[PDB]
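Shown next: entry38.pdb, given as PDB, C-alpha atoms (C1' of nucleotides).
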ATOM      1  CA  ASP A 158     -49.927 -57.548   4.906
ATOM      2  CA  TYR A 159     -52.953 -55.718   6.200
ATOM      3  CA  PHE A 160     -54.995 -58.818   5.428
ATOM      4  CA  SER A 161     -52.868 -61.308   7.366
ATOM      5  CA  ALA A 162     -50.900 -59.273   9.910
ATOM      6  CA  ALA A 163     -53.397 -56.388  10.236
ATOM      7  CA  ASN A 164     -50.477 -54.005   9.744
ATOM      8  CA  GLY A 165     -51.162 -50.335   9.120
ATOM      9  CA  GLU A 166     -54.804 -50.284  10.146
ATOM     10  CA  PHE A 167     -56.193 -46.803   9.538
ATOM     11  CA  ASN A 168     -59.367 -44.891  10.314
ATOM     12  CA  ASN A 169     -60.793 -41.372  10.104
ATOM     13  CA  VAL A 170     -60.080 -41.276   6.373
ATOM     14  CA  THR A 171     -60.353 -37.598   5.421
ATOM     15  CA  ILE A 172     -60.222 -36.361   1.824
ATOM     16  CA  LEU A 173     -59.481 -32.741   0.956
ATOM     17  CA  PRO A 174     -59.231 -31.151  -2.502
ATOM     18  CA  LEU A 175     -55.846 -30.109  -3.851
ATOM     19  CA  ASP A 176     -54.838 -27.326  -6.225
ATOM     20  CA  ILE A 177     -52.095 -29.108  -8.203
ATOM     21  CA  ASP A 178     -51.944 -32.757  -9.236
ATOM     22  CA  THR A 179     -49.215 -34.108  -6.942
ATOM     23  CA  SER A 180     -49.759 -37.815  -7.604
ATOM     24  CA  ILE A 181     -47.087 -38.643 -10.199
ATOM     25  CA  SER A 182     -44.611 -35.754 -10.191
ATOM     26  CA  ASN A 183     -43.519 -33.114  -7.688
ATOM     27  CA  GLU A 184     -41.107 -30.518  -9.114
ATOM     28  CA  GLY A 185     -39.542 -33.360 -11.075
ATOM     29  CA  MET A 186     -39.432 -35.757  -8.101
ATOM     30  CA  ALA A 187     -41.569 -38.848  -8.603
ATOM     31  CA  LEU A 188     -44.008 -39.364  -5.730
ATOM     32  CA  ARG A 189     -44.790 -42.944  -6.794
ATOM     33  CA  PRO A 190     -43.343 -45.750  -8.936
ATOM     34  CA  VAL A 191     -42.834 -44.489 -12.491
ATOM     35  CA  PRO A 192     -40.895 -45.821 -15.481
ATOM     36  CA  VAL A 193     -37.252 -44.841 -15.802
ATOM     37  CA  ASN A 194     -37.859 -43.147 -19.156
ATOM     38  CA  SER A 195     -40.327 -40.681 -17.596
ATOM     39  CA  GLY A 196     -37.383 -38.448 -16.644
ATOM     40  CA  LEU A 197     -38.363 -38.320 -12.963
ATOM     41  CA  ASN A 198     -35.566 -38.727 -10.434
ATOM     42  CA  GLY A 199     -35.659 -40.651  -7.175
ATOM     43  CA  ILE A 200     -34.537 -44.204  -6.368
ATOM     44  CA  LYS A 201     -34.077 -46.949  -8.940
ATOM     45  CA  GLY A 202     -36.001 -50.159  -8.421
ATOM     46  CA  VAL A 203     -37.708 -53.096 -10.082
ATOM     47  CA  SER A 204     -41.481 -53.467  -9.791
ATOM     48  CA  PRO A 205     -44.607 -53.620 -11.963
ATOM     49  CA  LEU A 206     -45.903 -50.153 -12.759
ATOM     50  CA  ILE A 207     -49.591 -51.060 -12.404
ATOM     51  CA  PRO A 208     -51.009 -52.988  -9.408
ATOM     52  CA  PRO A 209     -51.122 -55.673  -8.160
ATOM     53  CA  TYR A 210     -47.409 -55.257  -7.500
ATOM     54  CA  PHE A 211     -46.770 -59.018  -7.184
ATOM     55  CA  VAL A 212     -47.726 -59.964 -10.769
ATOM     56  CA  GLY A 213     -46.501 -58.822 -14.141
ATOM     57  CA  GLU A 214     -42.954 -58.512 -15.398
ATOM     58  CA  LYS A 215     -40.844 -56.459 -12.993
ATOM     59  CA  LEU A 216     -39.460 -53.699 -15.218
ATOM     60  CA  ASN A 217     -37.095 -50.916 -14.206
ATOM     61  CA  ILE A 218     -38.805 -48.035 -12.384
ATOM     62  CA  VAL A 219     -38.033 -44.902 -10.380
ATOM     63  CA  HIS A 220     -39.786 -44.667  -7.008
ATOM     64  CA  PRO A 221     -39.613 -42.161  -4.137
ATOM     65  CA  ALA A 222     -37.952 -42.770  -0.801
ATOM     66  CA  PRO A 223     -39.734 -45.736   0.847
ATOM     67  CA  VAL A 224     -40.241 -43.729   4.055
ATOM     68  CA  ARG A 225     -41.240 -40.122   3.378
ATOM     69  CA  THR A 226     -42.304 -37.870   6.249
ATOM     70  CA  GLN A 227     -44.151 -34.567   6.037
ATOM     71  CA  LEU A 228     -45.628 -32.280   8.658
ATOM     72  CA  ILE A 229     -49.373 -32.745   9.013
ATOM     73  CA  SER A 230     -49.811 -28.970   8.903
ATOM     74  CA  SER A 231     -48.002 -28.848   5.563
ATOM     75  CA  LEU A 232     -50.063 -31.771   4.266
ATOM     76  CA  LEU A 233     -53.338 -30.036   5.154
ATOM     77  CA  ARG A 234     -52.224 -26.819   3.437
ATOM     78  CA  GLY A 235     -53.137 -28.201   0.012
TER      79      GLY A 235
ATOM     80  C1'   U B   1     -50.426 -52.521  -1.323
ATOM     81  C1'   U B   2     -43.769 -55.514  -4.227
ATOM     82  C1'   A B   3     -47.215 -61.031  -1.766
ATOM     83  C1'   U B   4     -49.344 -65.683  -0.057
ATOM     84  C1'   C B   5     -48.081 -68.582   6.144
ATOM     85  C1'   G B   6     -47.513 -67.427  12.311
ATOM     86  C1'   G B   7     -52.784 -66.029  19.199
ATOM     87  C1'   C B   8     -46.756 -65.040  22.567
ATOM     88  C1'   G B   9     -47.875 -67.847  26.268
ATOM     89  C1'   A B  10     -48.100 -69.793  30.739
ATOM     90  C1'   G B  11     -47.788 -68.549  38.165
ATOM     91  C1'   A B  12     -48.484 -65.533  41.892
ATOM     92  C1'   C B  13     -53.819 -63.040  47.888
ATOM     93  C1'   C B  14     -49.528 -57.760  49.046
ATOM     94  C1'   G B  15     -50.818 -58.204  53.668
ATOM     95  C1'   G B  16     -49.858 -57.147  58.282
ATOM     96  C1'   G B  17     -51.307 -51.755  63.745
ATOM     97  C1'   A B  18     -53.876 -47.974  65.420
ATOM     98  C1'   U B  19     -60.525 -45.083  69.669
ATOM     99  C1'   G B  20     -59.046 -38.932  67.048
ATOM    100  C1'   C B  21     -60.465 -37.263  71.282
ATOM    101  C1'   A B  22     -60.510 -33.852  74.472
ATOM    102  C1'   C B  23     -64.876 -27.410  76.699
ATOM    103  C1'   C B  24     -69.077 -24.663  75.829
ATOM    104  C1'   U B  25     -76.914 -23.354  78.825
ATOM    105  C1'   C B  26     -78.052 -19.272  73.301
ATOM    106  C1'   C B  27     -80.787 -16.606  76.167
ATOM    107  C1'   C B  28     -82.454 -12.193  76.537
ATOM    108  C1'   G B  29     -89.090  -8.891  76.064
ATOM    109  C1'   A B  30     -94.103  -8.687  75.184
ATOM    110  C1'   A B  31    -101.854  -9.234  77.685
ATOM    111  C1'   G B  32    -103.941  -9.984  70.474
ATOM    112  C1'   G B  33    -107.551  -7.429  72.280
ATOM    113  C1'   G B  34    -113.035  -5.502  70.901
ATOM    114  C1'   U B  35    -118.432  -5.665  68.025
ATOM    115  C1'   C B  36    -123.558  -7.497  67.732
ATOM    116  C1'   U B  37    -131.617 -11.411  72.609
TER     117        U B  37
END
Representation of the structure as structure tokens:
Amino acid sequence: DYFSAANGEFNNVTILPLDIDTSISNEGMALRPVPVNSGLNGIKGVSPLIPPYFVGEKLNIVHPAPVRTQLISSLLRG
RNA sequence: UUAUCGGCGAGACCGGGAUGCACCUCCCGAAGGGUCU
């Protein structure tokens, strides 16, 4: 709840171009909720694929670890 | 944004004492002079 609780306020939004599309897949590891049949491994769950994630039938999905950490230097490498 | 919603709050004196002072001469030398009812 960013709206109600003001959790996870952010600023200084910086966008940088990437070289490889790392939105859905990452060497076969899903980086976001994807259907089970997509062949991507990770953690099983139930959720709608498309937002908003509180409406729509909750179908089986594979999603990454809820808390993923990466070094900022590695993230800025691109 | 995996839901929907939620002020953390209320009260307090921090203050009470102290001399910083005690000793030193800054002086030593020179002509500013000469030209035009």
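Using all atoms listed in the file, the part of chain B that sits within 10 Å of chain A is made up of residues 1, 2, 3, 4, 5 and 6 of chain B.
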Target residues per the PyMOL selection byres ((chain A and resi 190) around 6), formatted as a PyMOL selection string: chain A and resi 189+191+219-220
Explicit residue set for the PyMOL selection byres ((chain A and resi 201) around 6), as a PyMOL selection string: chain A and resi 200+202+218-219
Selection result for the PyMOL selection byres ((chain A and resi 175-186) around 12) on this file, as a ChimeraX atom specification: /A:172-174,187-192,195-200,206,219-222,232-235
Between atom CA of residue A:194 and atom CA of residue A:214, distance in Å (one decimal):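 Interatomic distance, atom CA of residue A:194 to atom CA of residue A:214: 16.6 Å.
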Step by step, gather every atom of stretch 210-222 of chain A that the file lists, find the box along x, y and z that holds them, add 6 Å on each side, and finally give centre and edge lengths in Å to one decimal, as lines of an AutoDock Vina configuration file.
center_x = -42.4
center_y = -51.1
center_z = -8.1
size_x = 22.6
size_y = 29.8
size_z = 26.6
d(atom CA of residue A:170, atom CA of residue A:230) in Å: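 Distance reported for this atom pair: 16.2 Å.
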Coordinates-based distance that separates atom CA of residue A:216 from atom CA of residue A:160 (Å, one decimal):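 Atom-to-atom, atom CA of residue A:160 and atom CA of residue A:216 are spaced 26.3 Å apart.
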How would chain B of the given structure read as a file with C-alpha atoms (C1' of nucleotides), as a PDB file, in the first residue's frame?
ATOM      1  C1'   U B   1       1.678  -3.114  -7.198  1.00  0.00           C
ATOM      2  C1'   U B   2      -1.535  -9.924  -4.961  1.00  0.00           C
ATOM      3  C1'   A B   3      -5.745  -5.071  -2.297  1.00  0.00           C
ATOM      4  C1'   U B   4      -9.370  -1.829   0.036  1.00  0.00           C
ATOM      5  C1'   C B   5      -9.080   0.340   6.643  1.00  0.00           C
ATOM      6  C1'   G B   6      -5.269   2.596  11.125  1.00  0.00           C
ATOM      7  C1'   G B   7      -1.568  10.265  13.288  1.00  0.00           C
ATOM      8  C1'   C B   8       1.462   6.455  18.284  1.00  0.00           C
ATOM      9  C1'   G B   9       0.469   9.521  21.812  1.00  0.00           C
ATOM     10  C1'   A B  10       0.682  12.059  25.976  1.00  0.00           C
ATOM     11  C1'   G B  11       5.098  15.120  31.259  1.00  0.00           C
ATOM     12  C1'   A B  12       9.351  17.104  32.463  1.00  0.00           C
ATOM     13  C1'   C B  13      13.627  24.273  33.435  1.00  0.00           C
ATOM     14  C1'   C B  14      19.313  20.410  34.043  1.00  0.00           C
ATOM     15  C1'   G B  15      20.814  23.764  37.162  1.00  0.00           C
ATOM     16  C1'   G B  16      23.895  24.960  40.684  1.00  0.00           C
ATOM     17  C1'   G B  17      30.947  28.124  41.820  1.00  0.00           C
ATOM     18  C1'   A B  18      34.770  30.685  40.233  1.00  0.00           C
ATOM     19  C1'   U B  19      38.485  38.133  39.073  1.00  0.00           C
ATOM     20  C1'   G B  20      42.972  34.844  35.080  1.00  0.00           C
ATOM     21  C1'   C B  21      46.169  37.867  36.917  1.00  0.00           C
ATOM     22  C1'   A B  22      50.609  38.981  37.845  1.00  0.00           C
ATOM     23  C1'   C B  23      56.848  43.041  34.667  1.00  0.00           C
ATOM     24  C1'   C B  24      58.448  45.963  30.813  1.00  0.00           C
ATOM     25  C1'   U B  25      60.072  54.058  28.824  1.00  0.00           C
ATOM     26  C1'   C B  26      61.148  51.950  22.277  1.00  0.00           C
ATOM     27  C1'   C B  27      64.484  55.356  22.009  1.00  0.00           C
ATOM     28  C1'   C B  28      68.394  56.438  19.574  1.00  0.00           C
ATOM     29  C1'   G B  29      70.396  61.605  14.630  1.00  0.00           C
ATOM     30  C1'   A B  30      69.637  65.549  11.495  1.00  0.00           C
ATOM     31  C1'   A B  31      69.398  73.566   9.979  1.00  0.00           C
ATOM     32  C1'   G B  32      65.321  72.096   3.804  1.00  0.00           C
ATOM     33  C1'   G B  33      67.995  75.782   2.360  1.00  0.00           C
ATOM     34  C1'   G B  34      68.499  79.688  -2.132  1.00  0.00           C
ATOM     35  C1'   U B  35      66.492  83.075  -6.814  1.00  0.00           C
ATOM     36  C1'   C B  36      64.165  87.645  -8.663  1.00  0.00           C
ATOM     37  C1'   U B  37      61.940  97.466  -7.035  1.00  0.00           C
TER      38        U B  37
END
